[PDB]
Every structure is written in structure tokens, then in C-alpha cells.
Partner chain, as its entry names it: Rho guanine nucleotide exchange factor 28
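Read the single chain below, which is given as C-alpha cells and is the form deposited without its partner chain.
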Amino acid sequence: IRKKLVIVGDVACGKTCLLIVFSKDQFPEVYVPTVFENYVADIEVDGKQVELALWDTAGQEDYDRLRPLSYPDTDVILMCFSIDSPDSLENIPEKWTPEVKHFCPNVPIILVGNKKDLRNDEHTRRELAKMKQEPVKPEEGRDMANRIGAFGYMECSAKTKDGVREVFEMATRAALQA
């Protein structure tokens, strides 16, 4: 069974690394902003065999016009944000929810907190202290997921691999049913 999925979220929130890890097992060395890209990977969930189309998108403003060209026949969407950056969570209902909600209504959305490893990182906590902030708490991410009627919230780390597999299984599970 074939299904298509699109990933979206702020700049450098880990969109790409996540998709590459899951389908190539390697963690990209050099960070290069994405214009657009396509990937494929297979997965078995609840006995079903599913081929997956992974459409990567850009989080940059400069590309707002072309990003909507990948939305056409989407089955499920992974709306991502970063745990070290509280603002990227704020921009969920601001920019991404409206954009997606327009182009792709009636399509399941999986809210995804990324860079789960940086929640404990000391360097991270110290830099955010200047800004009188702190990493995102699992609760607030779940609240945001409910607020926008997401199919489910999930967290993970593409660096350590913590929870990466569960993210896609939930996506596939949602792309089949509903």
C-alpha cells in the first residue's frame, strides 16, 4: 500500500535530519537549507506493508510560494518544532497551522517535538536562561497538539534515534485509517 507524507516546520528545526535518519540510517554531517526533496522508505505496521513518499520542504520565508506545490495529494502531515526553541512552538498556530489547514483540510496532523536530547543539555539551558526561557515541556507540546486538533503528539531525537521509529508508525497508522 502506497502513502504520501509531507513534513513542515520552522528553519533548522530538524525536519531533514529526521527524514534522512529514518530512511538511510545516517545522520547528515553538513546542514544545508532545503529548497525541496523527495525520499522513499518501507514500513510494516499492524501486518500491513506500506511504501512511503517522504516530501521534504523548506522552512524559509523565501520559499513560501513553492512549498504549496507539494501539498496536492498528501495522506498525512508531520508538523514539527524544536525543543530548544520555544518560539518554533509558538509559530505552530501562527504560521503552519493556517497554511496547512487551508491547502490540506481533512488530513491527519502529527505534532512532533524534535531535538529531545537538548532538553537535558547544559549548554542549551544556559543560553536560554539569558532570554529568561527554558526548553519546551512535554505537557505544553501536548496542549498545543490538542488545541489544533492533532491526531497525536510525539517527541524524539534524530541524533540519538530515541523515538524516531514510533513517529513514523503513528504516521502510517493515521494515513491508513481515518
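Positions refer to the first chain, counted from 1.
Stretches compared: 3-11, 167-175. Higher mean C-alpha B-factor in the entry: 167-175. Just going by the entry, 75-83 versus 104-112 on mean CA temperature factor gives the higher value to 104-112. Across the residues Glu140, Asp56, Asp117, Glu29, the deposited record lists the maximum Cα B factor for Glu29.
For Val50, the recorded CA B-factor ranks within the highest third of the chain. Only modelled residues enter the ranking. Looking at the C-alpha B-factors along this chain, the one for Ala145 belongs to the middle third. Sorting the modelled residues of the chain by their CA temperature factor places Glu122 in the highest third. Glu61: CA B factor lies in the middle third for its chain, per the PDB record.
What comes next is about the form solved in complex with its partner chain, which does not appear here.
Across the proposed site, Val35, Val40 and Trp55 without exception bring a heavy atom within 4.5 Å of its partner chain in the bound PDB entry. Think of it this way: in the bound PDB entry, its partner chain has a heavy atom of just one of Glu134, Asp143, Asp121, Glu51 within 4.5 Å, and the residue is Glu51. Among residues of the shown chain, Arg65 is one whose heavy atoms approach its partner chain to within 4.5 Å in the bound PDB entry.
Residues in 153-177 all lack a heavy atom within 4.5 Å of its partner chain in the bound PDB entry.
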